[PDB]
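Trainee: Sharing upload13.txt, compact mmCIF, C-alpha atoms and all ligand atoms:
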```
# COMPACT_ATOMS: atom_id res chain seq x y z
CA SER A 1 14.20 27.32 79.60
CA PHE A 2 14.42 30.52 77.53
CA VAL A 3 16.66 32.56 79.93
CA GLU A 4 19.29 29.91 79.27
CA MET A 5 19.35 31.12 75.65
CA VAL A 6 19.36 34.85 76.22
CA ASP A 7 22.78 36.27 75.27
CA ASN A 8 23.93 33.03 73.46
CA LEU A 9 25.25 34.88 70.45
CA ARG A 10 28.57 36.64 70.11
CA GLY A 11 30.54 38.25 67.39
CA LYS A 12 32.90 40.94 66.17
CA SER A 13 31.55 44.06 64.62
CA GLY A 14 30.95 43.26 60.95
CA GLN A 15 32.29 39.72 61.17
CA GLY A 16 29.12 37.71 61.98
CA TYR A 17 26.94 36.42 64.78
CA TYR A 18 27.72 32.97 66.09
CA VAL A 19 26.32 30.47 68.50
CA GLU A 20 28.37 27.83 70.35
CA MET A 21 27.74 24.19 69.31
CA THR A 22 29.29 20.79 70.01
CA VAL A 23 29.68 18.09 67.35
CA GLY A 24 30.44 14.43 68.11
CA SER A 25 31.36 12.10 70.96
CA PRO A 26 33.32 13.32 72.96
CA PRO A 27 31.88 16.82 72.22
CA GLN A 28 34.04 19.14 70.14
CA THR A 29 33.20 22.78 70.72
CA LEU A 30 32.88 25.12 67.78
CA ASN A 31 31.50 28.60 67.12
CA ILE A 32 28.97 28.55 64.31
CA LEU A 33 27.70 31.53 62.25
CA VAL A 34 23.89 31.92 62.38
CA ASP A 35 22.69 32.08 58.70
CA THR A 36 19.00 32.32 57.82
CA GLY A 37 20.06 32.70 54.10
CA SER A 38 21.11 29.03 53.59
CA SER A 39 20.21 25.53 54.70
CA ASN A 40 23.48 23.64 55.13
CA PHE A 41 25.25 23.01 58.42
CA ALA A 42 29.00 22.90 57.74
CA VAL A 43 32.19 23.19 59.77
CA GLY A 44 35.88 23.79 59.22
CA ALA A 45 37.30 20.24 59.20
CA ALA A 46 40.83 20.88 57.86
CA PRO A 47 43.56 23.41 58.89
CA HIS A 48 43.07 26.89 57.52
CA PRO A 49 45.04 30.10 58.26
CA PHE A 50 41.85 31.80 59.60
CA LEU A 51 40.87 28.86 61.77
CA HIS A 52 41.89 28.36 65.41
CA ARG A 53 40.05 25.03 65.55
CA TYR A 54 38.20 22.57 63.32
CA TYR A 55 36.04 19.48 63.42
CA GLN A 56 38.11 16.26 63.78
CA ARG A 57 36.01 13.46 62.40
CA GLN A 58 38.62 10.81 63.36
CA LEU A 59 38.14 11.77 67.07
CA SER A 60 34.38 11.15 67.05
CA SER A 61 32.98 7.70 67.74
CA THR A 62 29.52 8.79 66.58
CA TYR A 63 30.71 10.14 63.22
CA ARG A 64 29.20 8.48 60.10
CA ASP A 65 30.49 9.03 56.58
CA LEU A 66 27.76 9.62 54.00
CA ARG A 67 30.32 9.12 51.22
CA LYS A 68 29.19 12.17 49.20
CA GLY A 69 31.04 15.41 48.34
CA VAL A 70 29.29 18.79 48.53
CA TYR A 71 29.92 22.23 47.30
CA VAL A 72 28.09 25.36 48.65
CA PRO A 73 28.37 28.72 46.84
CA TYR A 74 27.25 31.97 48.47
CA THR A 75 27.32 35.62 47.55
CA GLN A 76 30.55 36.29 49.33
CA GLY A 77 32.46 32.94 48.98
CA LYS A 78 32.15 29.19 48.74
CA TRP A 79 33.35 25.96 50.20
CA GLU A 80 33.48 22.30 49.36
CA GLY A 81 33.67 19.31 51.61
CA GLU A 82 32.50 15.86 52.61
CA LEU A 83 29.02 14.90 53.90
CA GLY A 84 28.65 13.02 57.19
CA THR A 85 26.29 12.76 60.14
CA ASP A 86 27.09 13.19 63.80
CA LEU A 87 25.54 14.08 67.12
CA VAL A 88 25.06 17.82 67.71
CA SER A 89 24.06 19.82 70.72
CA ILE A 90 23.82 23.56 71.54
CA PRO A 91 25.19 24.39 75.09
CA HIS A 92 23.08 27.58 75.51
CA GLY A 93 20.19 26.12 73.54
CA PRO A 94 17.60 23.49 74.30
CA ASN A 95 18.74 20.52 76.40
CA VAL A 96 18.96 17.97 73.56
CA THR A 97 21.32 16.08 71.30
CA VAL A 98 20.33 15.36 67.72
CA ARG A 99 21.93 13.46 64.90
CA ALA A 100 22.37 15.85 62.04
CA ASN A 101 23.93 16.24 58.62
CA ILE A 102 27.26 17.97 58.80
CA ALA A 103 29.42 18.95 55.90
CA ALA A 104 33.09 18.80 56.83
CA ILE A 105 34.67 21.75 55.04
CA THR A 106 37.91 20.69 53.32
CA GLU A 107 38.54 23.74 51.16
CA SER A 108 37.03 27.15 50.79
CA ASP A 109 37.52 30.41 49.01
CA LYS A 110 36.71 33.74 50.77
CA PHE A 111 34.45 31.88 53.21
CA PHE A 112 36.20 32.09 56.60
CA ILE A 113 36.86 35.56 57.96
CA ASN A 114 40.16 36.30 59.68
CA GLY A 115 39.56 37.15 63.38
CA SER A 116 35.78 36.49 63.26
CA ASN A 117 35.99 33.65 65.80
CA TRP A 118 33.59 31.25 64.03
CA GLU A 119 34.55 27.93 62.40
CA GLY A 120 31.29 26.92 60.76
CA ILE A 121 27.83 27.96 59.52
CA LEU A 122 24.36 26.98 60.54
CA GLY A 123 21.98 27.43 57.61
CA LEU A 124 18.53 27.79 59.10
CA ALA A 125 16.44 28.10 55.97
CA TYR A 126 14.49 25.29 54.26
CA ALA A 127 15.51 21.99 52.50
CA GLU A 128 14.53 23.45 49.14
CA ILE A 129 17.81 25.40 49.03
CA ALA A 130 20.05 22.81 50.66
CA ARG A 131 23.02 21.47 48.65
CA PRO A 132 23.42 19.24 46.96
CA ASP A 133 19.64 18.83 46.89
CA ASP A 134 16.54 19.05 49.07
CA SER A 135 16.95 15.58 50.62
CA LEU A 136 19.87 16.70 52.70
CA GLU A 137 17.72 17.47 55.78
CA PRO A 138 18.71 20.91 57.35
CA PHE A 139 19.72 21.05 61.06
CA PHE A 140 16.60 22.74 62.33
CA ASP A 141 14.38 20.23 60.52
CA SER A 142 16.39 17.42 62.23
CA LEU A 143 15.99 19.14 65.61
CA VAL A 144 12.23 19.44 65.38
CA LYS A 145 11.73 15.88 64.02
CA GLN A 146 13.92 14.27 66.74
CA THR A 147 12.94 16.39 69.79
CA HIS A 148 9.83 18.23 71.04
CA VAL A 149 11.42 21.63 70.29
CA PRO A 150 8.66 23.77 68.65
CA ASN A 151 9.11 24.65 64.97
CA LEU A 152 9.97 28.31 65.65
CA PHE A 153 13.08 30.25 66.56
CA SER A 154 13.89 33.93 67.12
CA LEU A 155 16.88 36.15 66.48
CA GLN A 156 17.73 39.29 68.39
CA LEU A 157 20.91 40.67 66.81
CA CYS A 158 22.53 43.44 68.89
CA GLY A 159 24.94 45.54 66.85
CA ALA A 160 27.19 48.61 67.45
CA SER A 161 31.90 43.21 70.13
CA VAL A 162 28.34 42.26 69.16
CA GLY A 163 25.85 40.02 70.97
CA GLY A 164 22.28 38.90 70.99
CA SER A 165 20.11 35.88 71.35
CA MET A 166 18.89 32.95 69.36
CA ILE A 167 15.83 31.61 71.15
CA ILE A 168 15.35 28.04 69.96
CA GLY A 169 11.79 26.86 69.95
CA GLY A 170 10.16 30.04 71.20
CA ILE A 171 9.61 33.76 71.73
CA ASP A 172 11.07 35.52 74.79
CA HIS A 173 8.87 38.49 75.52
CA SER A 174 11.46 40.17 77.81
CA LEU A 175 13.50 40.76 74.66
CA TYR A 176 11.27 43.23 72.78
CA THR A 177 8.76 46.02 73.38
CA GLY A 178 5.39 46.86 71.80
CA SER A 179 3.71 44.22 69.62
CA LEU A 180 5.06 41.66 67.13
CA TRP A 181 3.98 42.34 63.51
CA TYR A 182 3.87 39.37 61.15
CA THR A 183 4.55 39.04 57.42
CA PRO A 184 3.79 35.74 55.52
CA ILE A 185 6.68 33.58 54.47
CA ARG A 186 5.84 33.61 50.75
CA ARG A 187 7.48 30.28 49.92
CA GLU A 188 9.53 27.99 52.08
CA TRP A 189 13.00 28.10 50.54
CA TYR A 190 14.80 31.18 51.69
CA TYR A 191 12.79 33.14 54.29
CA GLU A 192 11.10 34.99 51.41
CA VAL A 193 8.85 37.96 52.15
CA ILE A 194 7.05 40.66 50.19
CA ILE A 195 7.93 44.40 50.50
CA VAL A 196 4.93 46.49 49.49
CA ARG A 197 6.23 50.04 50.00
CA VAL A 198 9.44 51.90 50.65
CA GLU A 199 9.73 55.37 52.22
CA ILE A 200 12.76 57.54 52.92
CA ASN A 201 12.28 60.30 55.59
CA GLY A 202 8.53 59.75 55.00
CA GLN A 203 8.62 60.26 51.19
CA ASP A 204 7.34 57.33 49.15
CA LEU A 205 10.06 56.05 46.79
CA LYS A 206 7.04 55.67 44.38
CA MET A 207 8.35 52.72 42.31
CA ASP A 208 6.29 49.81 41.08
CA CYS A 209 6.40 47.55 44.19
CA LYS A 210 7.46 44.65 41.95
CA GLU A 211 10.83 46.43 41.82
CA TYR A 212 11.33 45.98 45.58
CA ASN A 213 10.97 42.22 45.24
CA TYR A 214 12.79 41.57 41.94
CA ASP A 215 13.36 38.72 41.93
CA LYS A 216 12.75 37.86 45.62
CA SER A 217 13.11 39.54 49.02
CA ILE A 218 14.58 37.58 51.90
CA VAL A 219 15.51 37.95 55.63
CA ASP A 220 19.13 36.91 55.97
CA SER A 221 21.11 36.97 59.29
CA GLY A 222 24.27 35.91 57.36
CA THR A 223 24.54 39.00 55.16
CA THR A 224 25.84 42.32 56.61
CA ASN A 225 24.02 44.74 54.38
CA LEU A 226 20.64 45.92 53.22
CA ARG A 227 20.98 44.65 49.65
CA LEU A 228 18.71 46.12 46.97
CA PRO A 229 17.91 45.46 43.33
CA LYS A 230 19.76 47.91 41.02
CA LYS A 231 16.79 50.23 40.29
CA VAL A 232 15.86 50.46 43.97
CA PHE A 233 19.44 50.96 45.12
CA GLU A 234 19.75 53.91 42.68
CA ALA A 235 16.46 55.42 43.78
CA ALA A 236 17.49 55.07 47.44
CA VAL A 237 21.05 56.35 47.00
CA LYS A 238 19.66 59.41 45.16
CA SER A 239 17.41 60.18 48.19
CA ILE A 240 19.98 59.54 50.84
CA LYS A 241 22.42 61.78 48.90
CA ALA A 242 19.89 64.60 48.53
CA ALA A 243 19.19 64.39 52.28
CA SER A 244 22.86 64.54 53.22
CA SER A 245 23.99 66.91 50.40
CA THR A 246 25.03 69.32 53.13
CA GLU A 247 28.21 67.14 53.15
CA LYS A 248 31.01 65.77 50.95
CA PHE A 249 31.14 62.10 50.14
CA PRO A 250 33.36 60.53 47.50
CA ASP A 251 31.28 58.46 45.03
CA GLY A 252 33.21 55.37 46.35
CA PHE A 253 31.67 55.92 49.75
CA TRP A 254 28.21 55.20 48.21
CA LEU A 255 29.67 51.92 46.86
CA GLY A 256 31.02 50.79 50.23
CA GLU A 257 34.53 51.14 48.78
CA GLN A 258 35.66 53.98 51.11
CA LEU A 259 34.93 55.23 54.66
CA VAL A 260 33.66 58.57 55.95
CA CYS A 261 35.20 60.03 59.07
CA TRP A 262 34.20 62.58 61.66
CA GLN A 263 35.91 64.12 64.62
CA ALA A 264 34.80 61.76 67.40
CA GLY A 265 31.30 62.55 68.70
CA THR A 266 30.34 64.86 65.81
CA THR A 267 28.76 62.41 63.33
CA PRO A 268 25.93 64.41 61.72
CA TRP A 269 23.32 61.67 62.21
CA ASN A 270 20.46 64.17 61.64
CA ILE A 271 21.41 64.57 57.98
CA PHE A 272 20.91 60.87 57.12
CA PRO A 273 17.28 59.79 56.43
CA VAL A 274 15.29 57.06 58.13
CA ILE A 275 14.18 54.21 55.84
CA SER A 276 10.80 52.48 56.19
CA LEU A 277 10.11 49.12 54.63
CA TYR A 278 6.45 48.21 54.52
CA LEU A 279 5.84 44.46 54.67
CA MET A 280 2.70 42.47 53.65
CA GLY A 281 0.68 41.76 56.78
CA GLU A 282 -1.55 38.87 57.90
CA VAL A 283 -4.96 40.20 56.88
CA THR A 284 -6.55 41.37 53.61
CA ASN A 285 -5.13 44.69 52.55
CA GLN A 286 -2.90 44.70 55.85
CA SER A 287 0.71 45.89 55.98
CA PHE A 288 3.03 47.19 58.66
CA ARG A 289 6.26 49.12 58.56
CA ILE A 290 9.68 48.76 60.07
CA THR A 291 11.77 51.89 60.21
CA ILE A 292 15.52 51.85 60.32
CA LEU A 293 17.88 54.58 61.53
CA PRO A 294 21.12 55.80 59.83
CA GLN A 295 23.03 54.19 62.69
CA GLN A 296 22.00 50.81 61.28
CA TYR A 297 23.08 51.42 57.78
CA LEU A 298 26.23 53.50 58.57
CA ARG A 299 28.38 50.85 60.10
CA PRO A 300 31.35 51.89 62.23
CA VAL A 301 34.75 50.70 61.04
CA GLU A 302 37.26 50.71 63.98
CA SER A 303 43.04 58.09 65.17
CA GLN A 304 40.23 59.85 67.10
CA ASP A 305 37.70 59.94 64.23
CA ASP A 306 34.44 58.01 64.05
CA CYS A 307 34.65 56.22 60.69
CA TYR A 308 31.78 54.46 58.91
CA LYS A 309 31.04 52.27 55.90
CA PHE A 310 27.81 52.68 53.82
CA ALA A 311 26.01 49.32 54.32
CA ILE A 312 23.27 49.55 51.74
CA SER A 313 24.49 47.89 48.54
CA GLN A 314 23.31 46.59 45.19
CA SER A 315 22.10 43.08 44.29
CA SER A 316 21.25 41.15 41.12
CA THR A 317 19.50 38.46 43.22
CA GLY A 318 16.71 40.41 44.87
CA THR A 319 16.42 42.30 48.17
CA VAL A 320 18.35 41.03 51.15
CA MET A 321 17.27 42.23 54.59
CA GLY A 322 20.63 41.63 56.27
CA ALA A 323 21.90 42.44 59.78
CA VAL A 324 21.45 46.16 58.91
CA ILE A 325 17.70 45.51 59.09
CA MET A 326 17.64 42.82 61.73
CA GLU A 327 19.81 44.75 64.30
CA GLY A 328 16.90 47.02 65.18
CA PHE A 329 14.57 44.13 65.80
CA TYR A 330 13.45 41.03 67.53
CA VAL A 331 12.78 38.68 64.53
CA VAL A 332 10.57 35.63 64.98
CA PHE A 333 10.99 32.83 62.38
CA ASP A 334 7.60 31.19 62.99
CA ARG A 335 8.00 28.20 60.58
CA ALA A 336 5.00 26.42 62.09
CA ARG A 337 2.63 29.26 60.99
CA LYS A 338 4.59 30.26 57.86
CA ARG A 339 5.28 33.81 59.08
CA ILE A 340 8.08 36.23 60.17
CA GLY A 341 7.49 38.51 63.16
CA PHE A 342 9.15 41.88 63.83
CA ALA A 343 9.15 43.84 67.09
CA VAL A 344 11.51 46.59 68.28
CA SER A 345 14.27 44.92 70.34
CA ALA A 346 15.18 45.76 73.88
CA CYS A 347 18.73 46.30 72.47
CA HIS A 348 17.93 48.98 69.86
CA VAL A 349 20.59 51.71 69.23
CA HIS A 350 19.90 55.22 70.47
CA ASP A 351 19.33 58.29 68.29
CA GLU A 352 18.22 61.10 70.60
CA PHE A 353 15.40 62.42 68.47
CA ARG A 354 14.52 59.37 66.29
CA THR A 355 13.49 55.78 66.99
CA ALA A 356 13.61 52.44 65.15
CA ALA A 357 9.99 51.41 65.01
CA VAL A 358 7.56 48.61 63.96
CA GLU A 359 4.19 50.19 63.24
CA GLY A 360 0.78 49.18 62.05
CA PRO A 361 -1.71 48.52 60.79
CA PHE A 362 -1.46 50.16 57.44
CA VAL A 363 -3.83 49.73 54.51
CA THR A 364 -2.23 48.86 51.20
CA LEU A 365 -3.87 47.34 48.03
CA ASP A 366 -2.91 44.56 45.62
CA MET A 367 -0.08 43.52 47.59
CA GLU A 368 -0.66 40.68 45.09
CA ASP A 369 1.06 42.75 42.56
CA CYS A 370 4.29 43.23 44.58
CA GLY A 371 5.27 39.58 44.34
CA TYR A 372 7.62 38.83 41.48
CA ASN A 373 6.78 35.88 39.28
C1 LIG B 401 21.40 35.05 46.67
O1 LIG B 401 20.36 35.68 47.47
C2 LIG B 401 20.79 36.08 48.75
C3 LIG B 401 21.08 34.82 49.55
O2 LIG B 401 22.41 35.00 50.03
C4 LIG B 401 22.87 33.93 50.84
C5 LIG B 401 24.00 34.59 51.60
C6 LIG B 401 24.31 33.82 52.86
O3 LIG B 401 23.58 34.40 53.94
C7 LIG B 401 25.81 33.91 53.14
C8 LIG B 401 26.07 33.31 54.53
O4 LIG B 401 27.29 33.63 55.18
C9 LIG B 401 28.55 33.74 54.62
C10 LIG B 401 29.50 34.45 55.34
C11 LIG B 401 30.78 34.60 54.81
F1 LIG B 401 31.66 35.29 55.53
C12 LIG B 401 31.15 34.06 53.58
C13 LIG B 401 30.21 33.35 52.88
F2 LIG B 401 30.53 32.82 51.69
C14 LIG B 401 28.91 33.16 53.39
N1 LIG B 401 26.26 35.29 53.28
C15 LIG B 401 26.87 36.00 52.34
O5 LIG B 401 27.09 35.57 51.22
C16 LIG B 401 27.33 37.37 52.68
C17 LIG B 401 28.03 37.52 53.87
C18 LIG B 401 28.50 38.79 54.19
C19 LIG B 401 29.19 38.98 55.50
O6 LIG B 401 30.05 39.81 55.57
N2 LIG B 401 28.82 38.25 56.54
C20 LIG B 401 29.37 38.38 57.88
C21 LIG B 401 29.59 36.97 58.42
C22 LIG B 401 28.40 39.18 58.72
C23 LIG B 401 28.80 40.39 59.31
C24 LIG B 401 27.94 41.17 60.12
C25 LIG B 401 26.63 40.75 60.30
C26 LIG B 401 26.19 39.57 59.69
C27 LIG B 401 27.06 38.80 58.90
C28 LIG B 401 28.32 39.88 53.35
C29 LIG B 401 27.61 39.74 52.16
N3 LIG B 401 27.39 40.81 51.26
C30 LIG B 401 27.39 40.49 49.81
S1 LIG B 401 27.18 42.32 51.67
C31 LIG B 401 28.65 43.10 51.47
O7 LIG B 401 26.69 42.42 52.99
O8 LIG B 401 26.39 42.98 50.73
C32 LIG B 401 27.16 38.46 51.82
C33 LIG B 401 23.38 32.83 49.95
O9 LIG B 401 24.24 33.10 49.15
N4 LIG B 401 22.86 31.61 50.08
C34 LIG B 401 23.31 30.57 49.16
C35 LIG B 401 22.86 30.93 47.77
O10 LIG B 401 21.78 31.49 47.59
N5 LIG B 401 23.67 30.56 46.78
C36 LIG B 401 23.42 30.76 45.36
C37 LIG B 401 24.58 31.51 44.79
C38 LIG B 401 25.48 30.85 43.94
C39 LIG B 401 26.57 31.54 43.41
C40 LIG B 401 26.72 32.89 43.74
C41 LIG B 401 25.81 33.55 44.58
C42 LIG B 401 24.74 32.85 45.11
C43 LIG B 401 22.59 29.21 49.28
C44 LIG B 401 23.55 28.09 49.65
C45 LIG B 401 21.21 29.13 49.91
```
Rewrite the coordinates I just gave you, this time as structure tokens.
Mentor:
Amino acid sequence: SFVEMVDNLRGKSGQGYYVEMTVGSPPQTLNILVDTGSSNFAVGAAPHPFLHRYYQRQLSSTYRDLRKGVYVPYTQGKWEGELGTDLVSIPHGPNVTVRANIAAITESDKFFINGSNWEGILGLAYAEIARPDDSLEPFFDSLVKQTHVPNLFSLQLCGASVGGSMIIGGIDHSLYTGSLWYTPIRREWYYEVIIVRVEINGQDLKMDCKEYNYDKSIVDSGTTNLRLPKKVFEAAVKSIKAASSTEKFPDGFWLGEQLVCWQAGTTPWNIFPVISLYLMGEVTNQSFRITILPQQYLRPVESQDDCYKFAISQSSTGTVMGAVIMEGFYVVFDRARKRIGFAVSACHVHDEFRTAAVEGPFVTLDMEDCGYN
């Protein structure tokens, strides 16, 4: 039942959202980072200074060795380990046990985060980007094949402790307001989408829309930031700077290298622009927009100052709609209908004159054009 899954995510501010899972017989409990940017399920399986527990394959009677090594690189770090299968279940998830591929992590480099409270990663994207190749069936594909869990999940990430929900197999309408707006999944590898327009405080960034999606645009729960191609990042930083040029920010602030601080309760939110991303819609010449507030992209780093990191950053690998974007929203990963839905979440943060929004319909032409090939 869906209420069972409401509030099944936890985390620490800026350290990742995780769901509880059990691997093996008898069940070993682990906290697993929810990652829509990858397709491998992997767990700490050897001692590590940042780990408080790990998978113990020797203690599981249902463990099978696949007798294959694996390496998974990401933007932020990488791990290697050994491939196996085992029985997996999600306590605040559907009432099922599946046999799934699990990579036992045996070494890693800048992967685990000290104090984050998670010991593994659930990659929820498609087999096309699984390591070492697309025949290593991802967890969610195993789940759907082996149970009657519908081929859909949703993510409500509640930011600024963190919490939220991963609704497995469905949409929980008590968790958002207004209507869901859907964008096509362009290709089933990452959750790839097409951005057709960008506005900052209502002013069109006016770039060729190909720039927004060079060389892809994805929805990624495992990445903190809004990550933007170089040209777009520069255009956007230039606008955000102009809008806030009432105030003094070291150039390292704009690079996420340094924090800005304000006497508690005096953050000048009004001087930071809203950002609207327009997404390709479901119908011919249809688009919709999602609007994010400064509070999403100025992330509080916890002295009686309020201090913040700038959480829009540059990318050489396309646009990444990270938790910065997703925190405003209820996000439906509707794999069965090849689409991603956005609605404003019931847990949206509160500006007192401005609102995170999902609005449509808009008309926009040759959204063809925006796709990078
Ligand atoms: C490249 O296009 C974008 C796709 O990016 C995904 C990122 C993926 O979501 C991984 C998943 O989670 C990890 C978390 C970690 F702590 C350490 C990790 F190593 C991974 N995430 C990140 O790489 C990542 C994580 C974080 C990060 O801090 N995550 C924490 C857990 C967090 C905090 C709050 C909210 C949500 C998450 C930050 C960043 N940034 C760069 S940043 C500063 O925000 O701009 C990136 C990814 O890298 N996927 C892999 C990939 O594409 N690899 C190819 C590759 C090879 C070599 C180099 C780079 C890429 C594969 C396996 C599908």
Trainee: List the spatial neighbours of range 282-286 of chain A as an MDAnalysis selection string - criterion: any atom at most 8 Å away, all atoms listed in the file, same-chain residues fewer than 6 positions off excluded.
Mentor: chainID A and resid 182:184 361:367
Trainee: If you count all atoms listed in the file, which residues fall within 9 Å of range 260-267 of chain A, apart from same-chain ones fewer than 2 positions away, as a PyMOL selection string?
Mentor: chain A and resi 249-250+253+258+269-270+304-310
Trainee: Write as a PyMOL selection string the residues around ligand LIG 401 (chain B), taking 7 Å as the cut-off and counting only C-alpha atoms and all ligand atoms.
Mentor: chain A and resi 13-17+33+35-39+72-78+110-113+129-131+190+220-227+313+317-318+320+322-323
Trainee: Which one of A:134, A:368, A:172, A:82 sits closest to residue 196 in chain A if you count only C-alpha atoms?
Mentor: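 For residue 196 in chain A, the nearest of the given residues is A:368.
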Trainee: Can you measure CA of residue 345 in chain A to CA of residue 202 in chain A for me? One decimal in Å is fine.
Mentor: 22.1 Å
Trainee: Could you work out how far CA of residue 292 in chain A lies from CA of residue 343 in chain A, giving the answer in Å with one decimal?
Mentor: 12.3 Å
Trainee: What would range 154-170 of chain A look like with N, CA and C atoms restored, written as a PDB file, in the coordinates of the input?
Mentor:
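out_33.pdb, freshly written:
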```pdb
ATOM      1  N   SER A 154      13.702  32.487  67.307  1.00  0.00           N
ATOM      2  CA  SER A 154      13.890  33.930  67.120  1.00  0.00           C
ATOM      3  C   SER A 154      15.322  34.433  67.224  1.00  0.00           C
ATOM      4  N   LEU A 155      15.555  35.568  66.594  1.00  0.00           N
ATOM      5  CA  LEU A 155      16.880  36.150  66.480  1.00  0.00           C
ATOM      6  C   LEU A 155      16.749  37.593  66.939  1.00  0.00           C
ATOM      7  N   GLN A 156      17.505  37.898  68.001  1.00  0.00           N
ATOM      8  CA  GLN A 156      17.730  39.290  68.390  1.00  0.00           C
ATOM      9  C   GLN A 156      19.213  39.567  68.126  1.00  0.00           C
ATOM     10  N   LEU A 157      19.535  40.333  67.106  1.00  0.00           N
ATOM     11  CA  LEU A 157      20.910  40.670  66.810  1.00  0.00           C
ATOM     12  C   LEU A 157      21.241  42.052  67.402  1.00  0.00           C
ATOM     13  N   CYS A 158      22.203  42.125  68.318  1.00  0.00           N
ATOM     14  CA  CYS A 158      22.530  43.440  68.890  1.00  0.00           C
ATOM     15  C   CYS A 158      23.827  43.931  68.300  1.00  0.00           C
ATOM     16  N   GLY A 159      23.762  45.008  67.542  1.00  0.00           N
ATOM     17  CA  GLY A 159      24.940  45.540  66.850  1.00  0.00           C
ATOM     18  C   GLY A 159      25.776  46.524  67.655  1.00  0.00           C
ATOM     19  N   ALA A 160      26.391  47.467  66.923  1.00  0.00           N
ATOM     20  CA  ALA A 160      27.190  48.610  67.450  1.00  0.00           C
ATOM     21  C   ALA A 160      27.139  48.801  68.965  1.00  0.00           C
ATOM     22  N   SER A 161      32.691  44.400  69.781  1.00  0.00           N
ATOM     23  CA  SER A 161      31.900  43.210  70.130  1.00  0.00           C
ATOM     24  C   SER A 161      30.423  43.394  69.814  1.00  0.00           C
ATOM     25  N   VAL A 162      29.788  42.303  69.392  1.00  0.00           N
ATOM     26  CA  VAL A 162      28.340  42.260  69.160  1.00  0.00           C
ATOM     27  C   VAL A 162      27.801  41.105  69.999  1.00  0.00           C
ATOM     28  N   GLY A 163      26.484  41.063  70.165  1.00  0.00           N
ATOM     29  CA  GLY A 163      25.850  40.020  70.970  1.00  0.00           C
ATOM     30  C   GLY A 163      24.440  39.800  70.490  1.00  0.00           C
ATOM     31  N   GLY A 164      23.685  39.044  71.252  1.00  0.00           N
ATOM     32  CA  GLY A 164      22.280  38.900  70.990  1.00  0.00           C
ATOM     33  C   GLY A 164      21.896  37.533  71.405  1.00  0.00           C
ATOM     34  N   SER A 165      20.712  37.116  70.942  1.00  0.00           N
ATOM     35  CA  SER A 165      20.110  35.880  71.350  1.00  0.00           C
ATOM     36  C   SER A 165      19.497  35.121  70.163  1.00  0.00           C
ATOM     37  N   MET A 166      19.662  33.812  70.191  1.00  0.00           N
ATOM     38  CA  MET A 166      18.890  32.950  69.360  1.00  0.00           C
ATOM     39  C   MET A 166      18.027  32.080  70.261  1.00  0.00           C
ATOM     40  N   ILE A 167      16.725  32.335  70.275  1.00  0.00           N
ATOM     41  CA  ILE A 167      15.830  31.610  71.150  1.00  0.00           C
ATOM     42  C   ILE A 167      15.310  30.444  70.316  1.00  0.00           C
ATOM     43  N   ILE A 168      15.677  29.224  70.724  1.00  0.00           N
ATOM     44  CA  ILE A 168      15.350  28.040  69.960  1.00  0.00           C
ATOM     45  C   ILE A 168      14.076  27.449  70.498  1.00  0.00           C
ATOM     46  N   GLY A 169      13.069  27.433  69.626  1.00  0.00           N
ATOM     47  CA  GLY A 169      11.790  26.860  69.950  1.00  0.00           C
ATOM     48  C   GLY A 169      10.792  27.840  70.538  1.00  0.00           C
ATOM     49  N   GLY A 170      11.102  29.129  70.561  1.00  0.00           N
ATOM     50  CA  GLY A 170      10.160  30.040  71.200  1.00  0.00           C
ATOM     51  C   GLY A 170      10.418  31.506  71.010  1.00  0.00           C
TER      52      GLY A 170
END
```
